[PDB]
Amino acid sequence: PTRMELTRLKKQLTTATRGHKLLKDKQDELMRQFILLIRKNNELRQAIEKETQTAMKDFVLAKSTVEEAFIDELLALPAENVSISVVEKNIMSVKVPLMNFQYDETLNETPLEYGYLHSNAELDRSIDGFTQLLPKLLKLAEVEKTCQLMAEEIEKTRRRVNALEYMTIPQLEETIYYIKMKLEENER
């Protein structure tokens, strides 16, 4: 109920009301970026579901003729040792992943070129199918996860915008009035 307290609360009110307007602007920008990313998410997922299923079918057909014990031995000899680098990128207040395949770097001078011993054209070609889908599978992972994380952040942001607008700001305003009427009764 002092002038010192009034001063403090006034800074909080302008910080809250300015912050409310700018948080809404941030909500709008997240939405704009999310909508673009969602199109890409859909594009990538349709492409992947189609090429992945084709690749799998080709492999099933290819392996159907050859003995199981042969396939088991082929699969136990690695063609690559892929890991993924994941770096954190900020999109305003949300952390999202940037993903990149890390390949075996000691094998740079001899890049992948698939041919198995005593295999056949069809079987090797089906393996090449999988090799080809790899970059788009990583792409889909990164884009889909980002969209999932953005959706969550927009929901969080929306909650805060409403809370600021309808709870924080009116509470601050009310208190500022109480402090004010009390100071103004004194001097009168």
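Start at 1 with the first residue shown and count on from there.
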- Comparing mean C-alpha B factor in the record for 123 to 131 and 137 to 145, the higher one is 123 to 131
- Note on the structure: The stretch carrying the higher mean Cα B factor in the deposited entry, 148 to 156 or 55 to 63, is 55 to 63
- By the entry's C-alpha temperature factors, tell me which of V94, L117, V87, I84 sits highest. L117
- Which of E43, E49, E68, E29 ranks first by CA B-factor in the deposited coordinates: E68
- Message: When the deposited Cα B-factors of this chain's modelled residues are ordered and cut into thirds, is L112 in the lowest, the middle or the highest one?
- Response: highest
- Against its chain's modelled residues, does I169's Cα B factor rank lowest, middle or highest third? middle
- Just say lowest, middle or highest third for the CA B-factor of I176 relative to the other modelled residues in its chain. highest
